[PDB]
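Below you'll find the structure, written out as C-alpha cells, and then a few comments.
So that the names make sense, note that chain A is the first sequence line, chain B the second, and so on, each numbered from 1. Because only heavy atoms are used, hydrogens play no part in the values below, and waters and symmetry mates are left out as well, while side chains stay in.
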Amino acid sequence: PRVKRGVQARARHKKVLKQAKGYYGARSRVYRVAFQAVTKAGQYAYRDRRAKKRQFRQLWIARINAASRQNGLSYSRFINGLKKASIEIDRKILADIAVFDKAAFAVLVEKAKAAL
Amino acid sequence: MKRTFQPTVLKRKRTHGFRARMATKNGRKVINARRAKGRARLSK
Amino acid sequence: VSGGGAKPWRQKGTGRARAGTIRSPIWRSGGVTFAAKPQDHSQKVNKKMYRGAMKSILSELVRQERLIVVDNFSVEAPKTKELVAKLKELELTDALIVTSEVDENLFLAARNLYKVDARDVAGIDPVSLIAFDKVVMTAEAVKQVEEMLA
RNA sequence: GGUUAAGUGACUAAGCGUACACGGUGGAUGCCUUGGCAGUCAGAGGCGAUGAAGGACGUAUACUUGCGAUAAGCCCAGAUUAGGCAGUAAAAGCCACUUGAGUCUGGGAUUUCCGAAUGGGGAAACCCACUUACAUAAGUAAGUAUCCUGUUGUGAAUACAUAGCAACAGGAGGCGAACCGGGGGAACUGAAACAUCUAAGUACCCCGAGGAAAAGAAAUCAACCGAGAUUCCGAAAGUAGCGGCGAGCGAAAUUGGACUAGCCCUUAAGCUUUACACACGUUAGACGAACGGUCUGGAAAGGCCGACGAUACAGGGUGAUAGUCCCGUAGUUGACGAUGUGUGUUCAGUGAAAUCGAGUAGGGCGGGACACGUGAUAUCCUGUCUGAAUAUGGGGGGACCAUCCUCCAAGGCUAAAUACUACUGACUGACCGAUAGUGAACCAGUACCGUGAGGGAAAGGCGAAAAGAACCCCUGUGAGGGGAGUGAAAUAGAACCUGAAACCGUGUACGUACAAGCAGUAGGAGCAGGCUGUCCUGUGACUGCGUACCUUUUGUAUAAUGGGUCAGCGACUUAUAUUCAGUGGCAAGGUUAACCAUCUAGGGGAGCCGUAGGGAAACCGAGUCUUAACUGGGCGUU
RNA sequence: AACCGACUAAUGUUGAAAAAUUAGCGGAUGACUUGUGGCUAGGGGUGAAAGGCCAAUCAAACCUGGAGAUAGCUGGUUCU
RNA sequence: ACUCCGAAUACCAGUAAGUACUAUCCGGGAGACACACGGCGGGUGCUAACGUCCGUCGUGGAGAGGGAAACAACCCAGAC
RNA sequence: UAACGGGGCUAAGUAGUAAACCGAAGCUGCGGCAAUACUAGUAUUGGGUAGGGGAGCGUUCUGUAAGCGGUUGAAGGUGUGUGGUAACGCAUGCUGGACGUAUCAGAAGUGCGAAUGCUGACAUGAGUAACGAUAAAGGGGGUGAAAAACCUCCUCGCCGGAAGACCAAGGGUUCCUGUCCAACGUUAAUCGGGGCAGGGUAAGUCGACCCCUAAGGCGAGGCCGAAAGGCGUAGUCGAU
RNA sequence: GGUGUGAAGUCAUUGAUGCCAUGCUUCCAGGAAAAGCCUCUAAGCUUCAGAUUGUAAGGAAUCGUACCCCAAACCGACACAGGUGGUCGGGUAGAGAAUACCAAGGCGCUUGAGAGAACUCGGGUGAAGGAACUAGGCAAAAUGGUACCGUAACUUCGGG
RNA sequence: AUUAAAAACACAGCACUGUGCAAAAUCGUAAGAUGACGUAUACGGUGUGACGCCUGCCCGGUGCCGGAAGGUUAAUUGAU
RNA sequence: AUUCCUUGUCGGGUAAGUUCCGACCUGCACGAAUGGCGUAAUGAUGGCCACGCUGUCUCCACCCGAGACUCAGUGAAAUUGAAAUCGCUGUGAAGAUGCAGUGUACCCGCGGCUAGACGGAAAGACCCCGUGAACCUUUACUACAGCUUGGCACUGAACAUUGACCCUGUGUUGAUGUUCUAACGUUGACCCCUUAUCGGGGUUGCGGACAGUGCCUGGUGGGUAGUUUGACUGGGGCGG
C-alpha cells in the first residue's frame with residue numbers, strides 16, 4: 001500500500017515550530033531554521049542547567065563576602081571559621097541571611113571569628 | 001541575420017509531405033508510427 | 001514510464017542538477033524506484049502442521065463449548081426462513097454448520113444468512129473454525145473430521 | 001511656599017520585533033472519483049480491392065459524437081414502451097402517448113474525397129484522361145492499375161518454333177499490441193585493463209505466416225535389460241562437461257507429470273469446401289420478494305419501537321449510513337431472423353513429393369550448430385572440391401578398431417497438451433486515488449517545442465437541487481462590491497468542498513533610537529491581560545554564557561560543500577538460490593515438486609536433506625588413505 | 001553607389017541583437033553576386049583546407065532504441 | 001654499520017596472594033586499511049617546518065566539563 | 001597601543017614560609033531512570049563516529065469488523081490541557097461537514113532539511129534597472145467616466161533610390177464595418193494587427209491548372225543485390 | 001454628400017538604365033532543351049475523311065484573387081535598431097540610383113513631465129605646446145573636387 | 001558563420017608520377033556511374049608556386065621501379 | 001618570421017634607439033621545388049622613420065544633446081542557511097562582521113565609490129588521479145577491406161618437346177610450347193523484340209581455355225577497426 005506523508009509530516013514540523021515561538025524571523029517561521037534553533041536552545045539549556053549551579057554559588061559567595069567584610073572578616077576566613085565552629089549552613093542560606101537578617105549574619109561572623 | 005528557417009511550401013511538401021513519406025519504406029514506417037502514436041498530423 | 005530517453009540538458013554548464021531522464025524517480029511523473037510487480041504471497045504449510053493446527057483448534061472449540069455436536073442437521077426446503085428457525089432451536093445465530101455432505105437445501109438456505117455458513121467436512125478451514133462463534137457439527141461429520149485429521 | 005543649584009528621571013517610535021486576534025495570498029491535507037493498474041474466467045483471434053487502418057470535407061432549425069449529397073439518417077424483421085427529435089445547450093419548430101413516437105438487436109440500402117489506392121498524374125484529401133454507351137451540345141454513366149498463376153488467341157529475328165503482344169479467369173498488395181518460423185545481426189557491459197570469451201544469437205533490421213506457429217511418428221535412445229513420434233511442465237543438477245580451465249557457460253542418461261495418434265507415396269489419415277439434415281449454443285430481452293410509526297435533522301437510508309422478505313444481505317443509486325424507496329440481485333423465462341459449434345450424410349478439392357528416396361551418405365578444405373571455445377572430439381548443417389554401398393547393404397552407439405545391440409537417411413501429411421492478447425464481456429484486488437494511477441480522470445498524443453524523425457505537458461471537486469443571486473444602491477448602462485433574496489450553509493457565490501505552510505496585511509499588549517557579533521539560553525526588573533500574588537499568560541530593560549546545520553575530513557565558526565523559503569514527492573527493493581539464527585511442526589527421520597483435485601483439504605514419493613567416512617579413483621568401509629610395511633602419520637568413528 | 005563582404009575602434013555584453021549598431025574599411029564585369037528548384041548524409045557528405053561547415057550543435061549531426069551502458073568517483077540516504 | 005665491558009627497562013617462563021568476566025576456541029554481522037598533535041627513542045631534514053618516515057605511550061579522531069585570553073591533539077578530568 | 005587578555009600593578013613581580021579560600025559535567029549528598037550480574041534488593045555499569053546488538057513509536061492497507069464510534073458532528077485544519085525516557089499518546093474549544101476505527105495479528109509505495117534533488121506556490125534584490133534607435137513636438141476643438149498617446153483643425157519636425165508605391169515568397173482574415181477595453185499593447189487608451197459580431201475576394205485575356213521540356217526524381221519490363229533494396233530502358237513527372 | 005457640366009487641352013527643347021535590340025560589332029570561356037508553330041511526305045483513307053479560306057451559331061471551364069511584403073502581418077521566442085528576391089524613381093543642385101534640400105506619398109519610431117549634480121554615452125570648441133601619450137599615433141585631427149601645370153628612385157616598360 | 005583574414009589556402013607557371021581506353025582513379029557488394037560522349041597537347045595523383053638567376057653532394061636507410069640465378073616459403077600432394 | 005649566449009660587434013638614425021636600417025659571420029640550430037637568392041606591381045599584411053595633423057598627452061576647461069536625479073504609470077534580474085551584518089591587534093582548517101581582548105558606535109534613508117564580504121556567474125579549462133572517454137599517429141598488438149600469389153572449380157581438343165612412372169619402344173599421368181574452337185569474354189558490327197545509346201535473343205567479327213569469378217592459400221595491407229601503452233614518487237614528468 002502507498003503511504004502519503006502529509007498529515008504526520010505536518011505534525012512534526014508543527015511541533016518544532018511551536019517550540020520556536022518567540023524567536024526572531026525565520027527562527028520562528030521556517031522549519032529548517034527553527035529546527036536548528038530549537039536544537040541549539042536545548043543544547044544551551046543543558047549546559048546552563050549545569051552552569052546555573054555555578055553562577056548562583058558565585059553570587060552567594062560574593063554576597064557573603066560583602067556581609068562578612070562589613071562585619072570585619074574575609075569570606076575566606078569566615079568559611080574556615082564556620083567549618084572550625086562546625087556550622088554547616090550552606091552558602092545559599094548564608095547569603096539569604098546576609099540580606100534578610102543582618103544581625104544573625106553578624107552573630108555567625110562573631111562565632112566564626114572565635115573559631116579562627 | 002539570416003536564420004535557419006527559410007520556409008518554402010514546395011520544399012516542405014517535397015521533403016516532409018505525405019506523398020514523400022509514402023514513397024519510401026522508411027517514410028511509411030514514420031507514417032505508421034505516427035498513426036500508431038495517435039498523431040493528428042501525420043505529415044507536413 | 002513513457003518517454004524519458006533523452007537527457008534533459010547537458011551534463012555541464014546550465015547550472016542545473018545533473019539529470020539523465022525526465023522519468024527519474026526523483027522527478028515528478030517519474031518511476032517508482034522499486035516498482036511493485038504481481039506477487040505470490042502463498043506460504044507453504046507442512047501437512048502435519050496444518051493438521052496439528054486443525055486439531056488444536058477443534059480441541060479449543062470443545063473446551064470453549066463452541067463445538068455443538070448434533071445428531072443431524074437438515075433443512076427440508078431451500079428456505080432461509082426455515083434455517084433461521086432451526087438455528088433458533090439450537091439458540092445460535094452465528095454458526096458454521098459442518099455436515100458430511102452439504103445438501104442443496106441447506107446450502108441454499110444459508111446463502112443469504114450472514115455469519116451462517118454450511119460447510120462439508122472437506123471444506124472446513126482453520127480460519128472458519130475460529131471465525132464463527134459456534135461450530136454445529138453432525139455426529140457423522142465429527143467421525144469424518146477425525147479420520148481427515150489423522 | 002518660591003527661586004537657584006545638584007542629583008534623578010518617566011512621557012517620543014520614523015520605523016522595527018515578539019505574541020495574540022482577524023484576514024489575504026496559496027492550494028497542502030482530508031474526504032471523494034465518471035480514470036487508471038494487475039489479473040482471473042470466457043469470447044474472438046484478424047481487418048482489407050465487396051476499397052481497411054486512419055483521415056479530409058461535409059451533414060442538424062465552433063468543437064465532440066454519429067452519419068455520408070438518402071448525410072445525428074432511409075428500409076426491414078424481431079424485441080421494447082411513454083416519451084422523443086445526439087452532446088455542449090439553452091431555446092425553436094415539432095412528433096408521439098399502446099404502438100410505424102422513439103429506443104434496442106440483427107440484416108439490408110445509401111456510403112463525397114483521400115488513403116494499399118488501382119485509368120494516368122500528384123505538393124494526401126487535387127488535376128487531367130481514354131474506351132464504350134448514351135445524350136446534343138462541349139454532358140452523363142460504366143469500364144480502364146501492377147504483378148503472379150492459368151487459359152485462349154495472336155505472333156519476331158530464320159522454317160518450324162519460341163520470345164514478344166493481347167484477351168480472359170483466379171489470386172495478391174495495405175493495416176494490426178503480442179505470440180511464431182525463418183534471413184541478417186551489434187555494442188555498451190562483464191572479464192575489476194584487453195584481444196579468445198561475455199553481453200548474445202540479445203537489441204535492432206528484413207521476410208513469411210497462423211490462430212496459434214514450430215516440431216513430429218526413430219537411419220532415436222539404451223545397454224545385452226529394455227524404451228517407443230512431437231510439444232510443454234517437475235526432478236536428475238548448477239551434476240557431467242565446456243572455459244585466456246579466467247569471467248563465465250551448462251547437458252544427458254534416467255525419472256515424475258500434462259497430452260496423446262498416427263497416416264500415406266498401388267495415393268492414406270487429416271484438412272478445406274459443398275449442401276443436406278439434425279442436434280447444440282449465442283445474439284434485443286421479460287418477470288423478479290419484503291417497512292410502518294416515531295425522534296434528530298435542511299434532508300433519514302441514522303436513532304427508538306415494532307414488523308416483514310431472503311435459492312434475492314452481489315453491487316449501485318436516492319437530500320446522511322437502505323435486505324424491504326429505486327435500479328438490480330437469486331431464481332424463472334425469451335430469438336422471427338441471423339450467427340456459431342458439433343455430429344453425421346454428401347460433394348469438390350487438397351494432402352501428393354508419386355512409386356520408398358545419389359550428386360545422396362561419406363570424404364578433403366573453410367566455417368557454423370550442438371552445454372562442448374577443435375580439443376583425443378563423436379553427431380549435425382554446408383560455401384568449396386569430391387563422392388559410395390545400395391539388406392549379401394547402410395546409419396548410429398562421443399577419437400579409432402573388433403564384437404554385439406539398435407535403427408533404415410537421402411519423399412511426404414498429422415490433432416492435443418504449448419505461446420500470446422491490441423480487441424469484446426464478466427468478475428477480482430492487504431493495486432492508485434489527481435505531484436498518485438496511464439503521458440492523458442478534464443475535448444491529450446492535445447497545447448507547446450522542433451525543418452524533421454521526434455519530444456511532449458498543465459489542467460478533477462459550488463450545492464441535495466441552480467434554488468447560479470429578481471429588485472435596490474455605489475460605479476463607466478464597467479470591474480468590484482453592499483443590501484435584498486436563495487440555500488442547512490454564501491469566509492458553499494461560480495477567482496466556488498476542506499482550505500495547511502511559506503509569504504503579505506490591519507488591530508491590540510509589551511519592548512525598542514549610547515547600542516556591537518549564530519539572535520538563543522540561565523537568570524531577571526518593569527509593564528499589560530487574566531485569575532486571586534512564594535499564581536497563569538504575553539512582552540522582556542539588564543546580567544552571565546554562547547562562532548548555524550549538513551557534508552567531507554587529521555582537523556571546519558570557517559572565507560570548504562549544499563540549501564532563497566514552504567508544501568508535496570524523492571533513496572537498501574523484488575524474485576530466485578546458498579548460508580547462519582530465532583520460532584514452530586515432526587523426528588532417525590523430515591519433506592513432497594510438477595500435476596491431479598469435489599482446488600488453502602486430500603491425493604501425488606519423482607526427488608532433496610539427514611542417516612559414514614576415507615581415497616584422485618577403482619574400491620574399501622567404522623574405518624580408510626599413505627607405504628614394501630608402518631613404531632607410524634592424515635582424515636573419520638563416538 | 002546599389003549589392004557582397006567584415007580590417008579598426010567605440011558602444012553593447014541581465015544587449016535593440018544568442019554576433020548587432022555607429023564611424024570609418026575591402027571587393028564592386030568577376031575565381032562576382034543573387035532568386036527558384038535540384039543532388040551529395042554521418043566515419044558519411046562538402047571543404048580555394050579553418051578540423052571549417054552539414055538547421056544558433058560538430059576531432060564524428062540529430063532522433064529513437066540497446067538503455068536503468070558502465071561510474072573502484074562525487075552527492076544524497078527520511079522516526080525514537 | 002667498533003667492543004675488553006655493560007645497565008635500567010622490556011620480553012619469555014615458573015611459583016604465589018589479592019583484584020577483575022579475563023584469556024582462549026567455534027560461528028553470524030561489520031567497519032577500517034587518508035590519520036593528527038603531544039611526550040619519549042631515533043632516521044631524514046638545518047637535532048628547520050603545524051616537515052617527513054619508524055618505535056612506543058597519551059589525547060584527538062569518536063570526548064563534553066574546568067584551566068591554558070581566544071586555542072581538535074597541552075594540563076586537570078571522562079558528561080545516565 | 002598590539003610581545004601581562006585589559007585596567008592597572010613597585011607588589012597586583014620573583015623566591016619562600018604559615019594558615020585559608022575559590023575552582024569542574026571529578027568526588028560527595030539528595031531524588032529518579034536504565035544495562036548487566038547476582039541473591040524486589042545488592043554490586044558494578046550507563047561519553048561516543050564507523051559499525052554490531054536490543055527494544056519501541058507512528059503511518060497506509062487486510063482480518064478481527066455487517067463489530068465499535070459518527071450529522072446530538074467523522075476525517076482533516078487550528079488552539080488548549082494533559083501523560084510517557086522518547087518516537088508520540090490521550091482529552092478537549094473552535095473550524096469542518098462524512099466518515100473513522102479499538103484490540104491483537106498481518107503486509108508495506110512506512111517517516112525527509114539537505115542530493116547545484118523534482119513540481120507548484122511565495123519571498124529577497126526593489127518599487128530598483130528598464131519602458132527598444134536623440135526624426136520632435138506645440139496648441140485649439142471634439143468624443144468620452146477619463147484624453148500627452150484616439151478623432152479633427154492650424155503650426156512644427158522627419159523619410160523621400162524611402163521610413164513612398166507595387167509584386168513574388170512566406171503568412172493566413174491580420175482586410176472593411178459596428179461594438180467592447182478584462183487580458184494582450186512595456187504607460188493610459190475612448191485607440192489597435194486585441195476580444196466579439198457582421199461583411200468582403202466577381203476573370204476566355206492576370207496567375208494557377210494546362211501543352212512543353214532543364215537539372216533532377218520516379219521508373220513497366222530489365223540488370224544487379226542475403227532480405228530490405230540499388231541502378232536503369234521505354235516512359236512519366238519535374239520550372240527557376 | 002449627390003449629380004451636372006465643365007475651360008484650355010498646343011509647341012519647342014531635353015531625354016532614359018525604357019524601346020528598336022533575341023539587333024549590330026567584337027571576343028573566347030563558344031553561349032538550354034522540348035513543345036506550340038511551318039513544311040514534307042509514310043502507313044493509311046480517296047461520292048469520304050480530312051485540308052484551306054470564309055460565313056453564322058455557340059463556347060473558353062476549374063482553382064487563386066481580401067490583407068501584410070525596406071514588414072507590428074514573412075524569418076528572428078517579443079508590436080525585436082537584424083534578415084528578406086523582383087519592379088517603379090519626380091524637382092533643384094550634382095558625373096550619379098552618391099549627397100543636401102524637397103515632390104508624390106508616408107511618418108514623429110506606444111511611457112510621459114521636470115531638473116540641468118557626479119559619472120557614462122554621442123558630439124562642438126579650445127590658450128601654450130605638438131606624439132612628450134601609448135605595446136602601438138589606438139582614437140581623434142588632417143587630406144579630400146575639377147581644369148591646367150608639374151612629378152623622383154625604380155620597372156616586368158604596363159607601371160610607379 | 002560567432003575572439004585569428006594572415007606570412008595560412010588558391011592561383012597562373014614548374015616538375016615528378018600514374019594512365020593505351022572495358023584508362024588510371026573514385027563511388028558502389030554488384031549492376032551501374034563519374035572520368036568522358038574525353039583518348040597521352042588527354043585524364044588522375046603528388047609536390048613546388050608569377051617572373052629572373054639558379055636548383056649542388058649522397059641510392060647506405062625507407063619507398064618505388066627493374067632483375068631474376070640461388071636460398072627461404074602457403075594451400076596442395078601424400079613417400080616413408 | 002631562423003642567433004641560445006644576446007641589448008653580439010661595427011656604422012646609420014635619436015639628446016638618448018633591447019625596436020628599425022646597413023654591415024660583419026664563432027650559421028647554439030640558413031641552404032637550394034618541404035625550393036635558394038632576387039624581384040616591378042599589389043596588400044584593411046608585419047616592423048621602423050619623417051612631414052602634416054591634432055584633447056593622444058602636459059592637463060584638463062567650457063558647451064550641446066541622450067542617460068544618471070525628481071514626479072506620475074508600468075515593472076524585471078543574477079543572488080539568498082539565518083542575521084540584531086563596526087574598527088584594531090591577536091586567535092583559529094593557518095588572511096575573522098560573527099572567537100578573545102579592546103576601541104569606537106543614537107535610529108533610518110537618498111546620491112555617489114568599489115576596498116572586503118576569499119563578492120555573483122560556470123561541480124577548474126591549469127595540475128594530478130580514474131586499471132575513465134574520444135579522436136589522431138606509427139616500423140605498438142590483433143584483425144579486416146582492398147590489392148596481390150598459387151591450387152582447385154567453371155575448363156576443352158590436337159600436336160611438339162620433355163619429366164616421372166608403367167611395363168614391353170609402350171602406355172598412364174605431369175609440366176612446357178605451338179596450334180585450334182566448342183565453353184567463356186566482348187564496353188565491335190548487323191538483325192529482331194522495338195517508336196529503346198537499357199536488356200534479351202539471333203547473326204557475325206575479334207579474342208579464347210586466357211581473362212574473369214567462387215572456394216582454399218601465402219604475401220601486402222594505419223586504407224579501416226578494436227585496443228594496449230605498469231606502479232612507487234616529498235605534485236607529475238625525467239631519472240631511479
Side-chain angles (χ1 to χ4, degrees), chain A residues 1-71 73-106 108-109 112, chain C residues 1 4 8-9 11-36 39 41:
Chain A
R2 184 167 175 250
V3 188
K4 292 182 76 171
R5 326 185 324 215
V7 178
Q8 291 63 44
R10 300 309 304 284
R12 300 192 80 98
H13 279 199
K14 285 199 93 307
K15 175 190 301 186
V16 171
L17 265 333
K18 184 182 165 182
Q19 297 175 67
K21 294 176 88 69
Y23 297 170
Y24 176 61
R27 295 174 167 252
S28 60
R29 292 173 177 74
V30 159
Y31 175 84
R32 283 182 197 243
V33 180
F35 184 69
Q36 282 178 227
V38 167
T39 300
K40 184 72 140 288
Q43 294 175 251
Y44 283 148
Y46 177 94
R47 175 196 79 167
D48 289 350
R49 287 197 281 292
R50 281 127 188 79
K52 180 168 32 172
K53 309 182 202 322
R54 311 169 206 183
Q55 283 307 273
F56 274 97
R57 177 186 167 114
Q58 307 292 35
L59 177 54
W60 303 333
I61 286 172
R63 290 152 97 134
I64 292 157
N65 203 346
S68 305
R69 281 164 180 287
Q70 187 206 346
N71 293 283
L73 200 65
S74 208
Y75 169 94
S76 61
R77 272 54 175 171
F78 172 62
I79 295 309
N80 200 41
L82 291 187
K83 187 197 61 53
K84 290 193 189 317
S86 305
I87 301 167
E88 301 175 359
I89 307 170
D90 289 349
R91 295 160 184 70
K92 184 185 76 168
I93 305 304
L94 287 173
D96 195 58
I97 289 170
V99 167
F100 285 102
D101 182 4
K102 261 90 173 167
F105 200 78
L108 295 168
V109 175
Chain C
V1 178
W9 51 76
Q11 174 82 348
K12 301 190 77 71
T14 68
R16 293 209 68 196
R18 46 211 183 187
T21 175
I22 67 171
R23 307 301 185 188
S24 158
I26 303 184
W27 283 41
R28 195 177 89 105
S29 331
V32 186
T33 54
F34 301 121
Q39 280 173 75
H41 304 279

query = Does the pair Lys92(A) and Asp96(A) meet the rule for a side-chain contact (heavy atoms from CB on, under 4.5 Å), with working shown?
reply = CA-CA 6 Å; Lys92(A) 184 185 76 168; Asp96(A) 195 58; 6.0 Å; no
Which pair of heavy atoms, one from [X] and one from [Y], lies closest together, and at what distance?
| X | Y | answer |
| --- | --- | --- |
| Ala20(A) | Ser28(A) | O-CB, 3.1 Å |
| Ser68(A) | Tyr75(A) | CB-N, 4.4 Å |
| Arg27(A) | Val33(A) | CG-CG1, 3.6 Å |
| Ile22(C) | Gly4(C) | CG1-CA, 4.0 Å |
| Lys53(A) | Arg49(A) | NZ-O, 2.9 Å |
| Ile97(A) | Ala104(A) | CG2-CB, 3.9 Å |

Using 0.5 Å steps for rounding, measure from the [atom1] atom of [X] to the [atom2] atom of [Y].
| X | Y | atom1 | atom2 | result |
| --- | --- | --- | --- | --- |
| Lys15(A) | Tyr31(A) | NZ | OH | 9.5 Å |
| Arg54(A) | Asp48(A) | CZ | CG | 9.5 Å |
| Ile93(A) | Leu108(A) | CD1 | CG | 11.5 Å |

With no hydrogens and no angle check, is any side-chain donor or acceptor of [X] less than 3.5 Å from a backbone partner on [Y]?
| X | Y | result |
| --- | --- | --- |
| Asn71(A) | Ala67(A) | yes |
| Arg50(A) | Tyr46(A) | yes |
| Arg10(A) | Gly6(A) | no |
| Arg23(C) | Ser29(C) | yes |

Answer whether the closest heavy-atom distance between the side chains of [X] and [Y] falls below 4.5 Å.
| X | Y | answer |
| --- | --- | --- |
| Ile79(A) | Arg91(A) | yes |
| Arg57(A) | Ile61(A) | yes |
| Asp90(A) | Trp60(A) | no |
| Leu59(A) | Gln55(A) | no |

query = Within 45° of the ring axis of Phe35(A) and under 6.0 Å from its six-membered ring centre, is that where the NZ or CZ of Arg32(A) lies?
reply =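 Verdict for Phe35(A): no cation-pi partner in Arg32(A).
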key: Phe78(A) and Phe105(A) aromatic ring geometry - parallel, tilted or perpendicular at 30°/60° bounds   =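 Answer is tilted, since the angle falls between 30° and 60°.
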